[PDB]
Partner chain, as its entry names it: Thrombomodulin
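As a starting point, one isolated chain is supplied in structure tokens, in the form solved without its partner chain.
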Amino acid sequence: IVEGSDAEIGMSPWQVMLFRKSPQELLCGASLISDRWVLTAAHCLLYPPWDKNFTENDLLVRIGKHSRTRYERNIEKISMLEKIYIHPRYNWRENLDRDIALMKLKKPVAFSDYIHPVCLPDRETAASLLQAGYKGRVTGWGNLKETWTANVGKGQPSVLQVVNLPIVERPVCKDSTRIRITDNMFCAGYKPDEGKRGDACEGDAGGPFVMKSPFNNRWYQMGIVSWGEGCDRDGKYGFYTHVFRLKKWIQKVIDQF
């Protein structure tokens, strides 16, 4: 995460580290949405141009984490994966349309001060929260500045980071990139004429974009860290998988196991 503060303890208790087994490596972020389920980006698990395809015994999820130069005993719980569900219409060829995956844990996770699921929006909550100029929140352990090549490297923080980003009007989202955008994604971040900085970067993909309802006090996940061009570039905005448009697919998977 670019231009963020160190996160407080239990500030984002739904935040999940996606981790590789062979070899030991952080791959992506992710979010806790129940005790059996984790919400992540699809491209974190499936990317053919780089011959990337992960099974259940290759990956590992860690919830309730804060640091990274520390294994946090009796605080973080590490879940194994049972099954992986990736959207059939997920376009890895052009724009990352429907960049969304779900992961059922082998065993349920006990909730504590550090582990707690986020809310998924419905129609009414989506209509009152998803507006341009409204600020959401992105979380991750990814790079602090724009990397040269296209993944995780040197420039990591020792602790989970937090940034707040404004939702951006559709036209500006479209005029910011030559890449053909879709309606299953939205864009977020500050404008050149706004003089405040921040963006998600490598290793943050999969993590949540959240918003707090000013009425009911609950945190709702409106977005998933999906893609961008560079990190924190002037006139560029991070694109987040529109979680509500895909709530119909999620409802199907969870209810059908």
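Numbering follows the first chain given and starts at 1. Residues that one form lacks are left out of the comparison. In this text, the rigid core denotes the largest set of C-alpha atoms whose superposition between the two forms falls within 1.5 Å.
One more form of this protein should be noted, the form solved in complex with its partner chain, which is absent from this view; the next part is about it.
- For the chain shown alone, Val172 is not a contact residue for its partner chain in the bound PDB entry, no non-hydrogen atom being within 4.5 angstroms.
- Its partner chain in the bound PDB entry is not approached by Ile181, whose heavy atoms all lie more than 4.5 angstroms from it.
- By the criterion of a heavy atom within 4.5 Å, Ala126 is excluded from the residues contacting its partner chain in the bound PDB entry.
- Looking at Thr55, you'd find every heavy atom of it more than 4.5 angstroms from its partner chain in the bound PDB entry.
- Core-based superposition between the shown form and the other one leaves all of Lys212, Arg36, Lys52, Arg197 but one with CA shifts under 2 Å; the exception is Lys52.
- A movement of the C-alpha atom of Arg93 reaching 2 angstroms or beyond is seen between the shown form and the other one when the two forms are aligned on their rigid core.
- A shift of at least 3 angstroms pushes the Cα atoms of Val172 and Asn95 further from each other in the bound PDB entry than in the displayed structure.
- The pair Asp51 and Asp204 approaches in the bound PDB entry: their C-alpha atoms are at least 3 Å nearer to each other than in the form depicted.
- Listed in sequence order, the runs of at least 3 residues with C-alpha movement of 2 Å or more between the shown form and the other one, after fitting the core, are 48-52, 93-95.
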